[PDB]
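These notes concern the structure reproduced below.
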Amino acid sequence: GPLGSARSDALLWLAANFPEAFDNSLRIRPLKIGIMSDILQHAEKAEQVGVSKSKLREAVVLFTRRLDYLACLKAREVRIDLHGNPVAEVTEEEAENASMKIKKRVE
């Protein structure tokens, strides 16, 4: 389909291929700590459509600095893997770190 004037082709690829993690059309959920390495195992298929390992890292940084991502990192919320499986909880220190980032972004 049409592609927009400013976009992340890497994040579009991630949302198409791992919607449980990167499709936020309805909701957004905390991601497994270290999900970047899980993503990098799929780098070959991304490279076939011109998506580089660096751009995949860039896309994950973009996603996880969204205010809506930072706001979903509340203590005891469930972290999911690339396929939506629960793996861990957001800790109190992780929650605190996210609330400080939000407060600084919104000040």
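Counting in the deposited numbering, the sequence shown runs from 19 upward without gaps.
Beta carbons are placed, not taken as given, at the ideal position from N, Cα and C, and that holds for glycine.
Helix, strand or coil: which one does DSSP assign to residue 127? For the chain, the structure presents residues 19 to 125; residue 127 sits outside this window and is missing.
Cβ shell of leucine 32 (< 6 Å), same chain only, five flanking positions each side left out: For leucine 32, same chain residues with a beta-carbon under 6 Å away, outside a window of 5 residues either side, are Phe40, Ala77 in chain order.
Taking DSSP as the reference, what is the three-state secondary structure of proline 20? Three-state result, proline 20: coil.
Going by the beta-carbon positions, is the gap between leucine 74 and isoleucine 53 smaller than 8 Å? No.
DSSP three-state call for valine 67: helix, strand or coil? Taken through DSSP and simplified to helix, strand or coil, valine 67 comes out as coil.
Any idea if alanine 64 is buried or exposed, counting beta-carbon neighbours within 10 angstroms, 16 or more meaning buried? Buried, because 16 or more other Cβ atoms sit within 10 Å of the Cβ of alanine 64.
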